[PDB]
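A.B. asks: I'd like to ask you about the structure that follows.
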Amino acid sequence: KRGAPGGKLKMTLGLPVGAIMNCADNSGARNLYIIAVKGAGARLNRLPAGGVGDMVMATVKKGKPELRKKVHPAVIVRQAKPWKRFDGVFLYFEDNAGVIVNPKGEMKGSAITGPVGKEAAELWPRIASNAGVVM
Amino acid sequence: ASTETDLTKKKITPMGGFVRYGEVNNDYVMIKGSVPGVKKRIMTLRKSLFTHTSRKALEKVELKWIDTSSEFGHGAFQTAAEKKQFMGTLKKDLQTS
Amino acid sequence: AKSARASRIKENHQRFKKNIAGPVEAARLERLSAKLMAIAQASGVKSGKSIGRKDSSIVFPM
Amino acid sequence: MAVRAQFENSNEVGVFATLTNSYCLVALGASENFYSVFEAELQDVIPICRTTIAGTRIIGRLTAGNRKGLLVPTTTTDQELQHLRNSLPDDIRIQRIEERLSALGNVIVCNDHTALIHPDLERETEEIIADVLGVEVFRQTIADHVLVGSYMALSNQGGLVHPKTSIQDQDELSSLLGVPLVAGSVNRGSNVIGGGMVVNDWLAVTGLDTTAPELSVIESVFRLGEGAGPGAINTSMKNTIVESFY
Amino acid sequence: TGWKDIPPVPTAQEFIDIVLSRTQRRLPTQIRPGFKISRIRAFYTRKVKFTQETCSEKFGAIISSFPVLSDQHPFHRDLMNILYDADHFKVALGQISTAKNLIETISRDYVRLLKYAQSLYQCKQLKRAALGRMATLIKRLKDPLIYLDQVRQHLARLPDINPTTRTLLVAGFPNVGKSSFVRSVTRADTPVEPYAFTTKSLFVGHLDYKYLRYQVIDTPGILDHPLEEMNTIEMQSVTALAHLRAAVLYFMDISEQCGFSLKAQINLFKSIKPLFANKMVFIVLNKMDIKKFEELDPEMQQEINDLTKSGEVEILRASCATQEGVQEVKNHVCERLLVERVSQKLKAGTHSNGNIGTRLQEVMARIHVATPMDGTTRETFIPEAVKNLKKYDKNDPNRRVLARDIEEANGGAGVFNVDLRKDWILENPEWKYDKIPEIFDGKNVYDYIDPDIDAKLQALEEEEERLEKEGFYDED
Amino acid sequence: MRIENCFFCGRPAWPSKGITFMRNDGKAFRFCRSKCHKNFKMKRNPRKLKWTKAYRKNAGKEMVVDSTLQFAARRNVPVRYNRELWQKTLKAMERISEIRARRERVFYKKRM
Amino acid sequence: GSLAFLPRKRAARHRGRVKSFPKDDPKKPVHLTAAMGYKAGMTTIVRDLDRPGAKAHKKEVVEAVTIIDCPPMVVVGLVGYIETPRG
Amino acid sequence: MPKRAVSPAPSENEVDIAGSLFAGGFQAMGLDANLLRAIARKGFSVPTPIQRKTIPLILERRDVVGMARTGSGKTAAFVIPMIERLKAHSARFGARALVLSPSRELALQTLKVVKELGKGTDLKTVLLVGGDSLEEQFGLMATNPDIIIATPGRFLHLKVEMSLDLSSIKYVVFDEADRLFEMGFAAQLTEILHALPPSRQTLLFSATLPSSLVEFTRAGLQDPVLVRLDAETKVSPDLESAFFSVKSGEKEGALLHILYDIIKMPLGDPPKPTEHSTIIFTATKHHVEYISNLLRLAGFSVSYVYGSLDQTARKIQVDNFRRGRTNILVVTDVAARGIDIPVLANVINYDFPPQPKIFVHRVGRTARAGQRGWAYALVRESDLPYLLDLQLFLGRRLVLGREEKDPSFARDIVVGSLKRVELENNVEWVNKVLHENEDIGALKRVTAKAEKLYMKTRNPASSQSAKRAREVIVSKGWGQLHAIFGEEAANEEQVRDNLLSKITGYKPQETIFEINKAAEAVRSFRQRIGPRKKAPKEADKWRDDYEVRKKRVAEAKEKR
RNA sequence: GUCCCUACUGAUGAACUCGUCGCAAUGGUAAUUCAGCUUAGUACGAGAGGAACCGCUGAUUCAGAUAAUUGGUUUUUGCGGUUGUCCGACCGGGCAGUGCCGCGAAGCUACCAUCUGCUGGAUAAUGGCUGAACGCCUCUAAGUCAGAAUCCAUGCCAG
RNA sequence: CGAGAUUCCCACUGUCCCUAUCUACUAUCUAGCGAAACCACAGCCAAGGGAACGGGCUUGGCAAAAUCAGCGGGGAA
Ligand SMILES: Nc1nc2c(ncn2[C@@H]2O[C@H](COP(=O)(O)OP(=O)(O)OP(=O)(O)O)[C@@H](O)[C@H]2O)c(=O)[nH]1
Ligand SMILES: [Zn+2]
């Protein structure tokens with residue numbers, strides 16, 4: 001199966017292609033570079049945008065020398081762009097954060113720093129498992 | 001506007017009346033979603049030409065409450081009673097009384 | 001994906017119409033017509049029973 | 001007796017469910033396969049509560065509790081608290097707690113006797129945990145991982161622990177708990193035991209991708225089946241473990 | 001993993017028809033004499049280049065997709081060699097390369113010719129001539145395509161074993177009962193028809209043995225030929241027996257019903273003995289029910305015991321007809337195989353040095369059992385109900401209701417609506433199916449729920465009565 | 001559904017009203033309006049701001065004490081359903097509402 | 001834009017023509033097919049969703065809903081149409 | 001997206017010793033007293049052969065092309081005579097010495113060497129690298145340095161911006177010219193060469209001599225003298241060699257077998273190189289990552305250094321290897337020529353080099369100063385022709401399998417097969433890892449695609465090499481055991497494999513289909529193959545630190 | 001070696017007495033794809049793996065709408081603050097082609113928000129029924145059944 | 001107020017866009033005055049019209065006054 005989440009409601013996607021977001025897990029990366037969003041449609045002149053709970057291709061531009069300049073899938077966990085939730089609640093995060101994930105769903109890291117979105121936690125079970133704060 | 005969940009005796013019209021329309025005292029129809037036209041305009045309701053093909057129809061609806069805060073601003077007081085109770089007494093009202 | 005006008009989808013929609021929405025809309029219109037009725041009840045030529053005349057591009061002028 | 005079941009298609013039955021001695025909580029789903037598997041394993045001996053916490057699917061990782069009580073976070077609503085209270089019998093206490101660590105199942109792992117908490121847990125939260133759950137609490141990490149509930153699981157008969165835990169760490173952990181412990185893997189080697197499975201005193205539910213050797217070692221450690229396995233069975237078929245896990 | 005994902009290859013006429021169909025259909029086709037000569041040559045050279053490209057891509061897919069004989073495990077290389085002559089396969093897959101390369105050579109040749117073409121008829125005849133060259137090349141390639149299609153079909157319909165994994169081979173003379181044994185031990189369909197060469201190919205099944213996978217292979221059989229002359233079926237049999245690192249079972253029967261003398265089986269087994277010397281081998285006396293191990297002659301017993309004398313051989317009895325000992329023999333042989341595998345695994349990592357491997361450290365970490373120093377066992381809460389309820393059985397008619405059956409009766413996944421009200425437990429039953437007030441006068445009814453609120457209201461009313469006596473609302 | 005209390009502005013924020021912003025250490029703020037959202041973003045002190053309910057509270061302008069104010073508290077232990085309990089709660093809600101109205105009036109009366 | 005709605009024309013009548021009514025069969029009981037009101041505005045509601053198979057099933061859902069003020073309508077006439085080869 | 005986005009970052013390391021067609025103390029070389037004192041303070045007591053051979057030529061003012069590995073002292077070799085020629089700061093406006101280096105790190109290293117060796121002199125040295133302020137570089141040029149150390153692109157940009165006159169430059173140095181050409185600086189290098197006056201002394205220091213570099217030197221240098229690091233191509237007699245014919249599906253397991261038994265490497269972190277010093281040279285960076293991860297899973301102390309690796313990361317890895325914190329070093333070719341490699345004891349080439357001379361360089365990387373070294377090769381059927389080109393280049397007799405009882409592993413090229421039992425067990429464990437952990441499987445797929453691309457992009461062998469490769473494959477020695485496994489082994493496998501040789505040499509009588517039109521085609525085909533005979537924000541009153549922030553704003557306003 | 005005519009659309013429009021409610025010839029015509037649950041770890045399968053129908057729920061693109069709620073925009077110059085200048089000073093002013101800074105209604109908006117997107121017949125490849133040519137046979141010759149996102153119309157827009 | 005403790009950014013470019021600032025250029029209606037270029041006669045479309053010649057002509061499609069605003073079709077080497 002192609003790496004596109006299934007069963008996701010609409011939201012205000014706020015992470016375009018080529019975005020410097022900060023890293024969440026203890027893999028060692030300091031930031032991830034959104035370069036390609038998996039599952040985005042094919043529209044000309046439209047920059048693919050991603051939201052919480054979507055696996056996005058990421059490249060470590062700043063990080064530990066072991067993990068630097070490395071491309072692997074990663075899923076968005078926190079977005080500072082305001083989005084609404086089916087209980088009619090508009091919310092947004094302080095930063096833009098994602099955790100490095102393999103295409104099946106095994107996260108390279110072990111602990112997730114900071115809070116975790118309910119959308120990411122619900123769409124991916126182990127993010128809920130290894131996430132210490134989800135709100 | 002009162003629903004079984006909240007026994008708050010109020011009409012469908014929020015605080016201050018509808019903006020640019022007024023206050024309704026009649027039978028009214030509350031329908032989901034955005035609907036073509038603007039305020040004061042005649043709206044023609046009619047039956048569907050064909051029998052329905054989804055559970056969205058013949059899905060029974062149970063309501064909780066209806067937003068009655070003033071739409072003329074970013075108000076959060078549904079009823080004048082709760083508003084005059086929460087704000088307390090004001091000097092102009094005290095001088096009038 | 002099958003088109004909205006596909007024969008299979010049309011047949012399934014007809015089955016749904018005849019088996020599911022049918023009785024619900026029937027009972028709905030039954031109570032509606034009942035309330036309609038509640039609200040509603042809430043010489044031949046000289047009498048007008050025989051229909052007469054009131055008060056030509058089909059035939060050529062004569 | 002451990003059965004392999006899928007919530008929808010995910011093997012993290014521990015993530016989508018919390019199971020204790022006197023009750024078991026199942027998430028609301030489009031289907032009743034998962035609830036039906038639990039009732040099949042438990043034909044109405046204890047209540048099965050179809051619960052949602054804070055409008056979330058992840059009840060297993062968003063609640064933590066034992067027989068004596070259940071703990072749910074601030075984020076849940078009054079409707080859901082009333083759901084838990086009314087569904088749950090009178091013998092069982094239910095409490096909503098205010099913690100920066102919302103994942104209560106993750107930061108809290110507990111049994112009818114003991115409990116383990118996150119290193120950074122608050123003192124007031126610790127004392128409310130203690131008096132609500134009627135258990136004693138230690139502070140400990142599992143293989144240098146802070147999420148004890150996800151990375152490890154408890155049962156009064158025995159426990160399964162993070163695979164990479166050192167021998168000395170496992171020994172001290174087993175001594176402080178007072179129950180037998182074994183380090184092993186679940187869900188075809190998934191490192192997350194607590195997320196992978198949920199276990200009560202007399203049965204277990206795992207994912208389908210769990211292999212037969214780890215199913216057997218789970219049986220032995222948790223004293224399931226006929227109780228023939230206290231772990232001496234694991235030592236007897238060590239050879240199977242050696243070949244499979246080499 | 002196998003070789004089924006090998007794309008089909010067409011015959012000569014087919015490949016010509018499809019290649020010419022692509023070059024006809026996928027490109028513009030109309031050109032005019034009034035058009036510029038440069039555009040004419042561009043058109044025709046584009047046609048030629050497209051024909052080259054499609055032919056080259058198809059031949060490249062074919063070659064790079066067929067298996068590379070001398071990079072596979074010796075079992076695989078010799079098995080595909082006996083099934084399919086390796087030298088001849090290789091000369092075929094050769095001709096096809098040389099043919100494709102000649103296609104590209106002709107491609108450049110006619111590209112220069114078209115580039116220096118001077119007229120529409122020039123381009124006409126040049127393109128016709130080039131496409132004729134490729135057509136004739138495939139026409140000569142007619143037979144290799146058929147051969148490669150046949151080898152593709154079989155290599156697709158070829159059993160896929162794992163030489164490394166725990167394996168048990170079953171060998172012997174034909175009609176001894178190998179197929180009967182393999183059907184008894186595993187869930188694999190092998191023809192049990194009673195004629196000499198019933199199975200012309202290796203058959204494969206699988207079993208579980210204390211939660212461990214084993215693969216059982218049934219081989220066709222071997223006669224008294226001294227391996228210099230053989231049928232191809234016996235050759236694939238001996239290749240399996242020689243290159244499959246596995247436990248070996250040799251099935252022989254005391255009754256000569258198989259059609260070979262006990263001396264004949266003895267000679268065959270001593271002939272194949274060096275091929276099995278490294279391994280563990282198990283001679284199984286089948287059909288003991290019709291002819292037991294006692295009644296045959298004492299010197300026959302003596303020679304079979306002299307065969308037993310060696311230390312890497314074992315003797316077992318079995319009767320596949322009634323399944324007298326199939327479970328016991330499989331249990332025992334696989335147990336010894338498991339013990340040997342454990343020994344090898346220990347040695348790999350116990351190699352001389354003094355430092356244990358990281359995998360070995362992990363396996364000790366896994367096998368280690370934790371136990372409290374105090375030696376106390378916590379008291380447990382198992383209830384008598386779940387002690388004496390009945391086990392859940394799907395075929396059982398007098399069954400529980402099940403939420404699944406309620407769902408299926410009342411619709412399906414998206415139809416049935418679950419009702420938590422039936423699961424609600426309340427003091428007064430008709431409490432259920434009642435709405436619960438939530439908000440009232442803009443203040444939360446739940447947040448203001450509290451027991452003894454009657455007494456608290458009485459206290460508040462006393463306080464208000466005291467205030468009223470104080471005149472706490474008078475105007476001055 | 002539960003009527004939130006606005007952090008900065010104080011007022012009883014309603015569903016579909018206001019925005020929610022939570023900060024990574026783990027704390028969530030519900031803002032009734034963009035006005036209070038922006039006032040909290042700009043690092044203003046709600047104590048310093050005069051229109052804020054909590055300033056009106058700390059200044060003593062809005063009454064601080066009394067059993068009615070101890071009645072308003074977030075409850076943490078749930079209770080089994082009972083029509084009688086809920087209906088006596090509702091009549092108590094009316095009774096408390098008139099309590100709060102009269103006592104706010106008289107508190108302002110002694111303020112002036 | 002869509003070709004079914006172009007060229008962009010003004011509405012000839014401010015009211016709005018119904019054009020098509022539901023098909024008639026004699027078997028149903030009698031009923032009117034239409035009604036009129038006036039768009040007053042919209043409000044917000046929250047609802048206990050009862051959509052089986054939905055992610056937000058049995059959860060609070062916030063929606064926007066139009067209010068149409070609908071005073072009782074008065075019957076003042078009947079009309080009889082005949083079917084003809086010209087409609 | 002960024003998988004081979006542009007190209008495999010390590011392309012190849014092409015060398016052309018045909019560039020040879022171009023043609024004991026410091027006090028004995030008689031340098032100035034101040035330069036001698038600076039050298040003594042730096043600690044250069046005995047000159048290494050590279051500067052011992054080059055400095056007299058540079059003092060004699062001859063153009064120099066120097067074949068020298070990194071770390072031999074090339075920077076000192078071309079700076080000492082430069083300082084000895086300069087001897088003072090010139091009052092006339094105009095730069096006199098120019099050095100062009102690929103990267104800013106190497107430029108900084110050269111700058112540090114220049115400063116340390118010219119401590120005391122009034123020479124003005126400048127650094128012009130990318131990322132620095134153009135205004136600062138303008139100011140430095142206004143201060144008029146005598147020595148310039150720069151990258152080609154930045155130097156060209158500054159020259160174009162300032163209309164700089166280079167007619168006063170008499171000393172030109174090209175540091176790491178092969179790296180310059182690999183990075184593609186050739187166009188602006190030629191532009192700078194054209195801009196420079198003809199009357200200049202040119203030095204070009206490189207580890208390798210590609211054909212493009214040879215052409216550039218021929219076009220731009222006036223009678224260049226080629227100095228080489230002594231016997232860099234002469235294979236040391238103390239080098240022992242063993243080559244193993246291995247299949248692709250068993251090849252990782254064969255590498256593990258060599259590491260486990262042939263070397264008897266300890267597993268785990270080790271308790272100045274080590275006693276084992278296992279280095280592995282591969283073809284692609286994907287191969288480097290795959291092998292490194294597999295070996296760390298196996299339990300080795302592995303440091304990996306590949307071509308396009310981050311500078312700090314490569315320094316940390318090289319430091320770990322040189323200090324003995326790791327025992328294996330995994331490199332292809334580019335990082336190998338880039339980094340400083342100490343004396344090694346074990347060298348293994350995973351992917352066989354295309355060029356015998358690349359092989360010679362990789363085997364001269366070990367067995368130095370009379371110390372014995374070991375070299376193991378993994379050679380496939382496709383890699384055999386390159387092995388044959390290598391044996392022609394080395395002039396060593398070929399021993400296939402066990403044709404000789406005691407072949408000389410140092411003087412004779414000995415090729416054999418590895419032990420079947422341990423080979424199969426390592427293959428099994430490799431397959432188990434590949435099936436279990438998905439990351440390694442993804443690495444396997446990407447390194448397989450990279451290997452396929454490398455097969456397409458690799459330089460081809462000779463027709464005759466292909467020929468006697470066919471006859472070697474026909475010969476029995478290809479499948480026989482290597483001579484290192486023991487005469488008792490030879491005994492057992494000779495007792496056995498002979499009937500196994502008969503099995504492998506089976507000519508089937510008829511195909512199974514012969515056992516239709518397809519069958520008729522097969523029969524006719526058979527008859528045919530019948531063999532031939534920033535100020536703070538304005539203070540807000542409501543803000544808590546209102547007065548403090550107002551004070552900060554006032555202080556910033558006063559500072560301006 | 002260099003500004004003309006007119007088709008078309010929209011908005012108007014003279015006379016047919018003015019107005020209301022209608023009909024519909026004609027012209028255009030609109031929906032597309034993917035995903036998840038169940039079926040189901042089932043059919044199949046030596047293993048590995050592994051479907052489809054029915055039913056349900058979402059998402060992409062396109063199209064027509066709308067501002068309940070959330071961001072954005074402030075000749076509402078609304079409220080608060082504030083910079084320097086001169087009129088000797090207060091004063092109120094010119095002042096900075098509307099001074100700047102905070103919050104801000106209404107309106108307008110947003111792939112930065114929400115809603116909606118529909119049914120009958122006839123067909124093409126093909127699969128058939130009956131049955132001649134041709135005493136067997138045959139989907140075809142006569143008669144005829146099913147069948148594609150196809151076509152034609154309804155639903156929709158103009159009138 | 002706490003040496004208070006912790007977190008984010010700062011580079012260059014002979015690269016692109018936007019916003020901010022400067023200079024310059026930009027303005028409508030009604031009254032009154034009031035030209036010039038150009039003009040054989042007029043301009044719907046399709047096919048045909050030997051000579052790449054169509055606005056005439058043949059056969060058709062069709063064809064309803066008059067304004068304002070957009071819009072696209074024609075005019076040898
Ligand atoms: N009575 C008896 N007959 C057996 C037994 N095992 C095999 N047979 C006979 O074997 C016959 C079938 O041959 P297989 O079972 O296939 O023996 P095989 O060694 O596989 O040889 P093939 O027939 O060529 O496949 C049956 O008809 C049986 O009569 C046994 O245990 N008892
Ligand atoms: Zn506010």
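Residues in the structure tokens are named by chain (A, B, ... in the order shown) and by number from 1 within that chain; ligands are numbered from 1 in the order shown.
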Given a cut-off of 7 Å, what residues near ligand 2 show up using only C-alpha atoms (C1' of nucleotides) and all ligand atoms, put as a PyMOL selection string?

C.D. replies: chain F and resi 8-9+31-37

A.B. asks: Store the residues picked out above in a file with N, CA, C and O atoms, as a compact mmCIF listing (two decimals), in the first residue's frame.

C.D. replies:
# COMPACT_ATOMS: atom_id res chain seq x y z
N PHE F 8 -8.06 34.56 29.70
CA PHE F 8 -7.72 35.97 29.75
C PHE F 8 -8.97 36.82 29.96
O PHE F 8 -9.08 37.54 30.96
N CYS F 9 -9.92 36.72 29.04
CA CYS F 9 -11.12 37.55 29.11
C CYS F 9 -12.05 37.09 30.23
O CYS F 9 -12.86 37.87 30.74
N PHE F 31 -9.40 30.91 24.45
CA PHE F 31 -9.60 32.34 24.29
C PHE F 31 -11.00 32.57 23.74
O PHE F 31 -11.35 32.02 22.68
N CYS F 32 -11.79 33.38 24.44
CA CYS F 32 -13.15 33.68 24.01
C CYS F 32 -13.17 34.46 22.70
O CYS F 32 -14.00 34.20 21.83
N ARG F 33 -12.25 35.40 22.55
CA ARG F 33 -12.23 36.26 21.37
C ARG F 33 -10.79 36.34 20.86
O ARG F 33 -9.83 36.05 21.58
N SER F 34 -10.66 36.74 19.59
CA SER F 34 -9.36 37.15 19.08
C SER F 34 -8.77 38.29 19.88
O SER F 34 -7.54 38.40 19.96
N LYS F 35 -9.61 39.13 20.50
CA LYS F 35 -9.10 40.21 21.34
C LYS F 35 -8.27 39.67 22.49
O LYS F 35 -7.11 40.07 22.67
N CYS F 36 -8.83 38.75 23.28
CA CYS F 36 -8.08 38.18 24.38
C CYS F 36 -6.97 37.25 23.91
O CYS F 36 -5.92 37.19 24.55
N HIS F 37 -7.18 36.54 22.79
CA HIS F 37 -6.11 35.74 22.22
C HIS F 37 -4.88 36.60 21.91
O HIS F 37 -3.76 36.26 22.32

A.B. asks: Which residues are close to residue H:345, i.e. within 12 Å by only C-alpha atoms (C1' of nucleotides), leaving aside same-chain residues fewer than 3 positions away? Reply as a ChimeraX atom specification.

C.D. replies: /H:238-240,263,265,273-280,327-329,341-342,348,363-368,370-376

A.B. asks: What does the structure give for the distance between atom CA of residue E:318 and atom CA of residue E:237, in Å to one decimal?

C.D. replies: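 For atom CA of residue E:318 relative to atom CA of residue E:237, the distance reads 22.6 Å.
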
A.B. asks: Against chain E, which residues of chain H fall within 9 Å? For each one I want the closest pair of atoms and the distance in Å (one decimal), counting only C-alpha atoms, rows by chain and increasing residue number, as a Markdown table.

C.D. replies:
| residue | atom | partner | partner_atom | distance |
| --- | --- | --- | --- | --- |
| H:246 | CA | E:71 | CA | 8.6 |
| H:247 | CA | E:71 | CA | 5.1 |
| H:248 | CA | E:71 | CA | 6.2 |
| H:249 | CA | E:71 | CA | 6.6 |
| H:250 | CA | E:71 | CA | 8.4 |
| H:260 | CA | E:351 | CA | 8.8 |
| H:261 | CA | E:351 | CA | 8.9 |
| H:264 | CA | E:353 | CA | 8.0 |
| H:265 | CA | E:353 | CA | 8.7 |
| H:266 | CA | E:355 | CA | 6.6 |
| H:267 | CA | E:357 | CA | 5.9 |
| H:268 | CA | E:358 | CA | 7.3 |
| H:297 | CA | E:358 | CA | 8.1 |
| H:298 | CA | E:358 | CA | 7.0 |
| H:299 | CA | E:358 | CA | 5.5 |
| H:381 | CA | E:70 | CA | 8.5 |
| H:424 | CA | E:164 | CA | 7.1 |
| H:425 | CA | E:164 | CA | 7.5 |
| H:427 | CA | E:164 | CA | 8.0 |
| H:428 | CA | E:164 | CA | 5.6 |
| H:495 | CA | E:274 | CA | 8.9 |
| H:496 | CA | E:274 | CA | 7.1 |
| H:499 | CA | E:227 | CA | 8.3 |
| H:500 | CA | E:242 | CA | 7.8 |
| H:502 | CA | E:228 | CA | 7.8 |
| H:503 | CA | E:239 | CA | 7.2 |
| H:504 | CA | E:78 | CA | 6.3 |
| H:506 | CA | E:82 | CA | 7.3 |
| H:507 | CA | E:85 | CA | 6.9 |
| H:508 | CA | E:82 | CA | 6.1 |
| H:509 | CA | E:232 | CA | 7.9 |
| H:510 | CA | E:232 | CA | 8.2 |
| H:511 | CA | E:84 | CA | 5.8 |
| H:512 | CA | E:83 | CA | 6.2 |
| H:513 | CA | E:150 | CA | 8.3 |
| H:517 | CA | E:146 | CA | 8.9 |
| H:518 | CA | E:146 | CA | 6.1 |
| H:519 | CA | E:147 | CA | 8.7 |
| H:521 | CA | E:143 | CA | 6.0 |
| H:522 | CA | E:147 | CA | 6.2 |
| H:524 | CA | E:143 | CA | 8.6 |
| H:525 | CA | E:143 | CA | 6.9 |
| H:526 | CA | E:88 | CA | 8.1 |
| H:529 | CA | E:88 | CA | 7.3 |

A.B. asks: Residues contacting ligand 1 - anything with an atom at most 7 Å away, using only C-alpha atoms (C1' of nucleotides) and all ligand atoms - can you give me those as a list in words?

C.D. replies: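 Final answer, ordered by chain and number: residues 172, 173, 174, 175, 176, 177, 178, 179, 180, 181, 191, 192, 193, 194, 195, 196, 197, 198, 199, 220, 286, 287, 289, 290, 318, 319, 320, 321 and 322 of chain E.
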
A.B. asks: From a DSSP calculation on the backbone, collect every residue of chain F in alpha helix (DSSP H) and output the set as a count of residues only.

C.D. replies: 48

A.B. asks: I need the chain F residues near chain B as a ChimeraX atom specification; criterion: at most 7 Å, counting only C-alpha atoms.

C.D. replies: /F:12-14,33,101,104-105,108

A.B. asks: Filtering to N, CA and C atoms, could you give me those residues as a PDB file, in the first residue's frame?

C.D. replies:
ATOM      1  N   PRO F  12     -17.783  33.316  29.955  1.00  0.00           N
ATOM      2  CA  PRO F  12     -18.094  31.904  29.693  1.00  0.00           C
ATOM      3  C   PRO F  12     -18.026  31.534  28.218  1.00  0.00           C
ATOM      4  N   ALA F  13     -16.828  31.208  27.737  1.00  0.00           N
ATOM      5  CA  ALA F  13     -16.625  30.781  26.359  1.00  0.00           C
ATOM      6  C   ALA F  13     -17.482  29.568  26.026  1.00  0.00           C
ATOM      7  N   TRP F  14     -18.058  29.566  24.813  1.00  0.00           N
ATOM      8  CA  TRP F  14     -19.038  28.610  24.329  1.00  0.00           C
ATOM      9  C   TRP F  14     -18.455  27.766  23.200  1.00  0.00           C
ATOM     10  N   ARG F  33     -12.252  35.405  22.550  1.00  0.00           N
ATOM     11  CA  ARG F  33     -12.228  36.257  21.365  1.00  0.00           C
ATOM     12  C   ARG F  33     -10.795  36.337  20.856  1.00  0.00           C
ATOM     13  N   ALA F 101     -27.807  36.709  41.822  1.00  0.00           N
ATOM     14  CA  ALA F 101     -28.275  38.027  41.401  1.00  0.00           C
ATOM     15  C   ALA F 101     -28.417  38.972  42.590  1.00  0.00           C
ATOM     16  N   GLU F 104     -24.901  39.769  44.287  1.00  0.00           N
ATOM     17  CA  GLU F 104     -24.106  40.691  43.481  1.00  0.00           C
ATOM     18  C   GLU F 104     -24.644  42.110  43.591  1.00  0.00           C
ATOM     19  N   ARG F 105     -25.973  42.266  43.525  1.00  0.00           N
ATOM     20  CA  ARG F 105     -26.552  43.599  43.665  1.00  0.00           C
ATOM     21  C   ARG F 105     -26.151  44.238  44.990  1.00  0.00           C
ATOM     22  N   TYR F 108     -22.461  45.246  45.235  1.00  0.00           N
ATOM     23  CA  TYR F 108     -22.236  46.526  44.568  1.00  0.00           C
ATOM     24  C   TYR F 108     -22.796  47.681  45.392  1.00  0.00           C
TER      25      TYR F 108
END

A.B. asks: Hey, which bits of chain D sit within 7 Å of chain E, and for each residue what's the closest pair of atoms and how far apart in Å (one decimal), counting only C-alpha atoms, rows by chain and increasing number, as a tab-separated table?

C.D. replies:
residue	atom	partner	partner_atom	distance
D:30	CA	E:413	CA	6.0
D:31	CA	E:413	CA	5.2
D:32	CA	E:404	CA	6.2
D:33	CA	E:404	CA	6.5
D:36	CA	E:403	CA	5.7
D:40	CA	E:392	CA	6.2
D:45	CA	E:386	CA	6.2
D:78	CA	E:446	CA	6.9
D:86	CA	E:424	CA	6.4
D:87	CA	E:424	CA	5.4
D:156	CA	E:380	CA	6.2
D:157	CA	E:380	CA	6.9
D:163	CA	E:366	CA	6.8
D:166	CA	E:365	CA	6.9
D:167	CA	E:365	CA	6.3
D:170	CA	E:370	CA	6.5
D:171	CA	E:370	CA	5.5
D:174	CA	E:372	CA	5.4
D:175	CA	E:372	CA	4.0
D:178	CA	E:372	CA	5.6
D:179	CA	E:377	CA	6.4
D:180	CA	E:371	CA	5.2
D:181	CA	E:370	CA	5.0
D:182	CA	E:369	CA	5.6
D:183	CA	E:366	CA	5.7
D:184	CA	E:366	CA	6.1
D:201	CA	E:382	CA	6.7
D:202	CA	E:382	CA	6.8
D:212	CA	E:211	CA	5.1
D:213	CA	E:211	CA	5.6
D:238	CA	E:367	CA	6.5
D:239	CA	E:342	CA	6.4
D:242	CA	E:363	CA	6.3
D:243	CA	E:342	CA	6.5
D:245	CA	E:363	CA	6.6
D:246	CA	E:363	CA	6.2
